[PDB]
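Next comes just one chain, in structure tokens: the form deposited in one PDB entry.
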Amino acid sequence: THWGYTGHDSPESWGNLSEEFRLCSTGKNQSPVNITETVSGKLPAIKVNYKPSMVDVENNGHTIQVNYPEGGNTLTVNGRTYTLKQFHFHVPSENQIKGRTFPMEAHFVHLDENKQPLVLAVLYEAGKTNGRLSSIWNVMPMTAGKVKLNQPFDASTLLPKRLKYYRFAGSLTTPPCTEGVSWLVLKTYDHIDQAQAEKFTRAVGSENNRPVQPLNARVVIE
């Protein structure tokens, strides 16, 4: 089923495009969200074990996505090991902090041994060109192709040294909007400029931000 961000197949309508996508409109624990009022808690520390890897960079008509065929890029939180499957971007950002939208967001998608999904989100402020991302922007496909990459990538560059985060439960932000996703949104912002954000938008065809969804019964832990 075709879905998008404008016209007849836009996010207000994803619920109705298919029975498969129903949770996009009926779900009560949907992402993204506006993080406003939080409960202060004692969150387990994130340990990151990313390394130079071979990755496949994909334009899927909705996002630019960097795929990890092999394991070995992991993140450990509360003594569970989550494997990095792929990361990708939204321009502008999807999640908000006290109403604030950022020029871009990256979502680092992981699974643990029990198939439990975990997304780590970096938010990018307006600032200087991102050097560490240039490697991806240079090979970024501008149609539904894939670049197999005798170019490696080290994703550890894309994460800050300060790994303080917000924690909540939620969903995929694209159909079928599956719930049961753990969300960890890092408090420390990276940077991009307008020319990188506009280049992403050219490639992907549109702005790919789903509107914020109500928290309902969920608490955000900071």
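Here the rigid core means the biggest group of C-alpha atoms that line up within 1.5 Å when the two forms are laid on top of each other. The first residue of the sequence shown is number 1, and the count goes up from there.
Where the structures in 7 other deposited structures of this protein are fitted on the rigid core, 149 to 157 is the one of 166 to 174 and 149 to 157 whose C-alphas sit farther from the shown form on average.
Taking the mean C-alpha B-factor of each stretch as recorded, 143 to 151 and 118 to 126 are not equal, and the higher mean is that of 143 to 151. The mean C-alpha temperature factor is higher for 11 to 19 when 197 to 205 and 11 to 19 are set side by side. Comparing C-alpha B-factors across 47, 191, 167, 187 in the deposited entry, the largest value falls on 47. The maximum CA B-factor among the listed residues 69, 175, 41, 32, taken from the PDB record, is found at 41. Per the deposited record, the Cα B-factor of residue 74 falls in the middle third when ranked against the other modelled residues of its chain.
Ranked against the other modelled residues of its chain, the C-alpha B-factor of residue 95 as given in the entry falls in the lowest third. In this PDB entry, the Cα temperature factor of residue 65 sits in the bottom third of its chain's modelled residues, the lowest group. Annotation for residue 36: C-alpha temperature factor in the highest third relative to the rest of the modelled chain, per the entry.
Ranked by Cα temperature factor within the chain, residue 53 sits in the middle third according to the deposited record.
Another form exists, solved in complex with a small molecule; not displayed. Remarks below refer to it.
At the 4.5 Å threshold, heavy atoms of residue 183 reach the small molecule in the deposited bound form. In the deposited bound form, the small molecule lies farther than 4.5 Å from every heavy atom of residue 74. Using a 4.5 angstroms limit between non-hydrogen atoms, residue 147 is distant from the small molecule in the deposited bound form.
Under a 4.5 angstroms non-hydrogen atom cutoff, the small molecule in the deposited bound form has residue 119 among its neighbouring residues. Of the candidate stretches 36 to 44, 173 to 181, 192 to 200, 152 to 160, only 173 to 181 has residues with heavy atoms within 4.5 Å of the small molecule in the deposited bound form. Between the options 86, 101, 81, 135, the residue in contact with the small molecule in the deposited bound form by a heavy atom within 4.5 angstroms is 86.
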